[PDB]
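This report refers to the structure that appears directly beneath it.
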2 protein chains.
Amino acid sequence: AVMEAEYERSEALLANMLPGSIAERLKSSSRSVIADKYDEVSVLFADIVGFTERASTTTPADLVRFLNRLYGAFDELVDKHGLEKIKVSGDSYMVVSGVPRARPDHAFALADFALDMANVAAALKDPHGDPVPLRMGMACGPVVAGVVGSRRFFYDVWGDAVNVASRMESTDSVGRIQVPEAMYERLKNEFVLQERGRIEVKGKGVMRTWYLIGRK
Amino acid sequence: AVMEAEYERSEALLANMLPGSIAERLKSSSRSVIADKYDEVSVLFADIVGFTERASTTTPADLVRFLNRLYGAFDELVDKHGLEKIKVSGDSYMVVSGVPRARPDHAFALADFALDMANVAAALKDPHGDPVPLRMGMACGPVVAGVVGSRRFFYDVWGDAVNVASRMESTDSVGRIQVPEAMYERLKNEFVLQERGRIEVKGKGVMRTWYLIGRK
Ligand SMILES: CNc1ccccc1C(=O)O[C@H]1[C@@H](O)[C@H](n2cnc3c(=O)[nH]c(N)nc32)O[C@@H]1COP(=O)(O)OP(=O)(O)OP(=O)(O)O
Ligand SMILES: CNc1ccccc1C(=O)O[C@H]1[C@@H](O)[C@H](n2cnc3c(=O)[nH]c(N)nc32)O[C@@H]1COP(=O)(O)OP(=O)(O)OP(=O)(O)O
Ligand SMILES: [Mn+2]
Ligand SMILES: [Mn+2]
Ligand SMILES: [Mn+2]
C-alpha cells in the first residue's frame, strides 16, 4: 500500500515535468529519438524588464523566491487556459499553444493567455514594492518538439516560430504585447490591434509589427 | 508484478531527470522554496554558432537528432570530469562545477572541461558535413540552485556568475573561451590566458575579458 503511495507520488511528479504523452513515450523502451514536426503552433515569450538592476535592492535568494512566486501565478494561468509551458530561462517564461495536440484556435488561445497574463502581472509587485514590468512577444509557425540528451532532459521546442517570437519579446516596448504581421493577419478578426511599424530583427531583416490591445 | 515494473521505469525516469534529493524534496509537502545557497561555483555556457542557418540543408527533426548526438557526447564528457550538467535549452548547454559538493579545484576542472569540450566539438561535423563552431563563456561566484514555479519543475542554478557566464558566451568570438577578470585571476597560474580587453556587459557595466588558450 505504501508501495503505491510512493508510486503515486512518483507518477504525480513525472506528470508534472513532462506532458503525459512524452512521459508515456519515455516509459517505452524506444531507442528512437523524440522529434516531431508540427505545422502551425503559437509561441509566447515573457520577460521582466530590467531584472539585473534588482540586484541592488534584493539578495539572490530573494530574487529566486520572487521568481518562484511570480511563476506560480503564470503557471496557475497556463493551467487555466490549458496551454503548454515549455521552460523558463531565468527571466523568460515560454508558453506554447498547439503542442502536443494541435488545435485550430491556438493563435486565439495564446492571444487570450497573453492578455490575461498581462493583467495578472500588472497586479503583482516585486519584493521591493515596485511594479513588475513585462515585455511580451508572440508568433506562429512551424516548430519541432522533442527531447535531447540522456539526463536532465525536458520537452523543448525549436523552430522559426520561436525565433521570431523571441525577437518580438526582445524588441517589444514595456507593457505591450507585440505580434508579427502573419499573426496579426490571423488575429485581426477577433482582437483589436494597433500598428507599431517596421522593425529590424536578427536573422529575419525587417517586418511589420502590431500591438495586441484586447478582444473585439 | 507489473505494478513494481511500471514503478521501476517511472522511478528510473524520475532518477535521470532530477537530483535524487530534489526529487524527494519535491515529493514532500514542504511549502518552502527549493533554493540552496552555494558559495563558489563555476558556470559554463556553450552555444552553437550559426545553427539556424543549417535548417536550409537539413530537415528540422534530423537537426534534433544531431543535437541529441552532439550533446550526448558532451554528457559523457561531464561524467569523465565529474561535473554537474544543468540543462540544454534549444542551442545552449550549461555545465556547473562546484555543486552539490564544492571542490577547491572547481574553476580548474571547468577550465579543463571547456578545453576538452572544444576539442571534441572541433573533431565533429554536422549532418551536412560542415564544422560545428561553439561560443563559450565561463564565470565563477555565488549561486542559488533550486526549483521555481509550480508546473514544469527543473533543477536550475541562478546568480551573478550564471549571468556573466552567459554574457561571456554571447559576446565571445567563435571558437574561443571568454572568461572575465575574476576568473582570469583565478586560472592565470595553471592556464595560459590572452587579454581581449574591455567589453560592455548588461547588468555589469564594462569588464576586462580574457581568452582561455590552454593548459600550462
Ligand atoms: C544577480 N543576478 C541574479 C540573481 C539571482 C537570480 C538571477 C539573477 C540573474 O542575473 O538573472 C538574469 C540571467 O542570469 C537570468 N538567466 C537568464 N537566462 C538564463 C538561463 O538560460 N539559465 C539560467 N539558469 N539562468 C538564466 O535571467 C536574468 C536576467 O537576464 P536578462 O537577459 O533578462 O537581462 P534584464 O536585467 O532582464 O534586462 P532585459 O532582459 O529586459 O534586457
Ligand atoms: C527553423 N530552425 C530550426 C529548425 C530545427 C531545429 C531548430 C531550429 C532553430 O532555430 O533552433 C534555434 C531556436 O529556434 C531554438 N530556440 C529554442 N528555444 C529557444 C529560446 O528559448 N530562446 C532563443 N533565443 N532560441 C531558442 O534553438 C536554436 C536557438 O538558435 P540561436 O538563437 O542560438 O541561433 P544561431 O543560429 O545559433 O545564431 P548565433 O548563436 O550565432 O547567434
Ligand atoms: Mn529581462
Ligand atoms: Mn531574460
Ligand atoms: Mn541560443
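Just remember, in the C-alpha cells the first chain shown is A, the second B, etc., residues are 1-based per chain, and ligands are 1-based in the order shown.
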So that each row is one residue of chain B with an atom at most 7 Å from chain A, can you give its shortest atom pair and the distance in Å to one decimal, using only C-alpha atoms, rows by chain and rising number, as a Markdown table?
| residue | atom | partner | partner_atom | distance |
| --- | --- | --- | --- | --- |
| B:7 | CA | A:7 | CA | 6.0 |
| B:9 | CA | A:27 | CA | 6.1 |
| B:10 | CA | A:11 | CA | 6.7 |
| B:11 | CA | A:10 | CA | 6.5 |
| B:14 | CA | A:14 | CA | 6.4 |
| B:16 | CA | A:151 | CA | 5.1 |
| B:17 | CA | A:152 | CA | 4.4 |
| B:18 | CA | A:152 | CA | 6.3 |
| B:27 | CA | A:9 | CA | 6.1 |
| B:33 | CA | A:65 | CA | 6.7 |
| B:35 | CA | A:61 | CA | 6.9 |
| B:60 | CA | A:144 | CA | 6.5 |
| B:61 | CA | A:35 | CA | 5.3 |
| B:64 | CA | A:35 | CA | 6.3 |
| B:65 | CA | A:33 | CA | 6.7 |
| B:67 | CA | A:148 | CA | 6.8 |
| B:68 | CA | A:148 | CA | 4.6 |
| B:71 | CA | A:149 | CA | 5.9 |
| B:72 | CA | A:149 | CA | 5.2 |
| B:86 | CA | A:152 | CA | 6.8 |
| B:87 | CA | A:152 | CA | 6.0 |
| B:90 | CA | A:158 | CA | 6.2 |
| B:144 | CA | A:61 | CA | 6.2 |
| B:148 | CA | A:68 | CA | 4.3 |
| B:149 | CA | A:68 | CA | 4.6 |
| B:150 | CA | A:72 | CA | 5.2 |
| B:151 | CA | A:16 | CA | 5.9 |
| B:152 | CA | A:17 | CA | 4.5 |
| B:153 | CA | A:17 | CA | 5.9 |
| B:159 | CA | A:60 | CA | 6.2 |
| B:203 | CA | A:52 | CA | 5.3 |
Write to file, as a CSV table (one decimal), in the first residue's frame, the residues of the selection just made, with N, CA and C atoms.
chain,number,residue,atom,x,y,z
B,7,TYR,N,6.5,0.9,-11.9
B,7,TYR,CA,7.1,1.7,-10.8
B,7,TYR,C,8.6,1.8,-11.0
B,9,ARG,N,10.3,1.7,-14.0
B,9,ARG,CA,10.5,2.6,-15.1
B,9,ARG,C,10.2,4.1,-14.7
B,10,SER,N,9.2,4.3,-13.9
B,10,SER,CA,8.8,5.6,-13.5
B,10,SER,C,9.8,6.2,-12.6
B,11,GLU,N,10.2,5.5,-11.6
B,11,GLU,CA,11.3,5.9,-10.7
B,11,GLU,C,12.6,6.1,-11.5
B,14,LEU,N,12.4,9.5,-13.4
B,14,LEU,CA,12.5,10.4,-12.4
B,14,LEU,C,13.9,10.5,-11.9
B,16,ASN,N,16.6,10.1,-13.7
B,16,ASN,CA,17.5,10.7,-14.6
B,16,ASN,C,17.2,12.2,-14.8
B,17,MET,N,16.0,12.6,-14.5
B,17,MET,CA,15.5,14.0,-14.7
B,17,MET,C,15.9,15.0,-13.6
B,18,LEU,N,16.0,14.5,-12.3
B,18,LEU,CA,16.3,15.4,-11.2
B,18,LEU,C,17.5,14.8,-10.3
B,27,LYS,N,8.7,15.7,-3.7
B,27,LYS,CA,7.7,14.8,-3.3
B,27,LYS,C,7.1,15.1,-1.9
B,33,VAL,N,10.4,27.2,-0.6
B,33,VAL,CA,11.0,27.3,-1.9
B,33,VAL,C,12.2,26.4,-1.9
B,35,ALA,N,15.6,26.4,-2.6
B,35,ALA,CA,16.6,27.4,-3.0
B,35,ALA,C,17.8,27.2,-2.1
B,60,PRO,N,14.2,19.7,-40.1
B,60,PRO,CA,14.3,20.0,-38.7
B,60,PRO,C,14.5,18.9,-37.7
B,61,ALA,N,13.8,17.8,-37.9
B,61,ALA,CA,14.0,16.6,-37.0
B,61,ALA,C,15.3,16.0,-37.1
B,64,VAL,N,17.3,17.8,-34.7
B,64,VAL,CA,17.1,17.4,-33.4
B,64,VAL,C,17.9,16.1,-33.1
B,65,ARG,N,18.0,15.2,-34.1
B,65,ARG,CA,18.8,14.0,-33.9
B,65,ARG,C,20.3,14.3,-33.8
B,67,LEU,N,21.5,17.3,-32.7
B,67,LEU,CA,21.7,18.0,-31.5
B,67,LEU,C,21.8,16.9,-30.4
B,68,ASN,N,20.9,15.9,-30.4
B,68,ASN,CA,20.9,14.9,-29.4
B,68,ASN,C,22.2,14.1,-29.5
B,71,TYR,N,25.2,16.7,-28.0
B,71,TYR,CA,25.0,16.9,-26.6
B,71,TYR,C,25.1,15.6,-25.8
B,72,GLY,N,24.8,14.5,-26.4
B,72,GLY,CA,25.1,13.2,-25.8
B,72,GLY,C,26.6,13.0,-25.5
B,86,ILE,N,23.5,20.9,-16.1
B,86,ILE,CA,22.3,21.6,-15.7
B,86,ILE,C,21.2,21.3,-16.7
B,87,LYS,N,21.3,21.9,-17.9
B,87,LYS,CA,20.4,21.7,-19.0
B,87,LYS,C,21.0,22.0,-20.4
B,90,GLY,N,17.4,24.6,-26.3
B,90,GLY,CA,17.5,25.0,-27.7
B,90,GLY,C,18.9,24.7,-28.3
B,144,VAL,N,22.4,30.5,-6.4
B,144,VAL,CA,21.3,29.9,-5.8
B,144,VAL,C,20.8,28.8,-6.7
B,148,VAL,N,11.9,26.6,-9.2
B,148,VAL,CA,11.0,27.7,-9.0
B,148,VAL,C,9.7,27.4,-9.9
B,149,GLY,N,8.6,27.9,-9.4
B,149,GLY,CA,7.3,27.8,-10.1
B,149,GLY,C,6.6,26.5,-9.7
B,150,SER,N,5.3,26.4,-10.1
B,150,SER,CA,4.5,25.2,-9.7
B,150,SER,C,4.3,24.2,-10.7
B,151,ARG,N,4.5,24.4,-12.0
B,151,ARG,CA,4.5,23.3,-13.0
B,151,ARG,C,5.7,23.4,-13.9
B,152,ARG,N,6.2,22.2,-14.3
B,152,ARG,CA,7.4,22.1,-15.1
B,152,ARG,C,8.7,22.5,-14.3
B,153,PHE,N,8.8,21.7,-13.2
B,153,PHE,CA,9.9,21.9,-12.2
B,153,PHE,C,11.2,21.5,-12.9
B,159,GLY,N,22.2,33.3,-10.5
B,159,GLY,CA,23.1,34.1,-9.8
B,159,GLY,C,23.9,35.1,-10.6
B,203,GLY,N,24.0,44.7,-17.2
B,203,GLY,CA,23.8,44.4,-15.8
B,203,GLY,C,25.1,44.4,-15.0
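Since chain B and chain A are the same sequence, their C-alpha atoms pair in order, and the RMSD after least-squares superposition is 1.3 Å.
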Shell of 12 Å around residue 182 of chain A, only C-alpha atoms, local chain residues under 6 positions omitted, as a PDB file with C-alpha atoms, in the first residue's frame:
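Output file selection_23.pdb is given in full below:
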ATOM      1  CA  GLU A  40       1.276  25.550 -37.103  1.00  0.00           C
ATOM      2  CA  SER A  42       1.968  29.617 -31.478  1.00  0.00           C
ATOM      3  CA  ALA A 107      -3.412  31.665 -32.075  1.00  0.00           C
ATOM      4  CA  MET A 138       4.346  36.093 -29.594  1.00  0.00           C
ATOM      5  CA  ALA A 139       4.472  34.412 -33.056  1.00  0.00           C
ATOM      6  CA  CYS A 140       3.146  31.499 -35.089  1.00  0.00           C
ATOM      7  CA  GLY A 141       4.589  28.959 -37.464  1.00  0.00           C
ATOM      8  CA  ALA A 161       8.182  30.497 -34.668  1.00  0.00           C
ATOM      9  CA  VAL A 164      10.588  35.420 -34.335  1.00  0.00           C
ATOM     10  CA  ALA A 165       8.645  35.400 -31.002  1.00  0.00           C
ATOM     11  CA  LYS A 188      -7.437  40.888 -36.744  1.00  0.00           C
ATOM     12  CA  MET A 207       8.960  43.226 -40.781  1.00  0.00           C
ATOM     13  CA  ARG A 208       5.654  44.790 -39.744  1.00  0.00           C
ATOM     14  CA  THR A 209       4.713  44.662 -36.089  1.00  0.00           C
ATOM     15  CA  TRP A 210       1.388  45.168 -34.357  1.00  0.00           C
TER      16      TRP A 210
END
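Residue nearest ligand 3 within the list A:115, A:212, A:121, A:132: A:132 [criterion: smallest interatomic distance, only C-alpha atoms and all ligand atoms].
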*Can you tell me, as a count of residues only, what residues are no more than 7 Å from residue 166 of chain A when counting only C-alpha atoms, ignoring any on the same chain fewer than 4 positions away?*
4
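Counting only C-alpha atoms and all ligand atoms, the residue from A:92, A:58, A:178, A:97 that sits nearest to ligand 2 is A:92.
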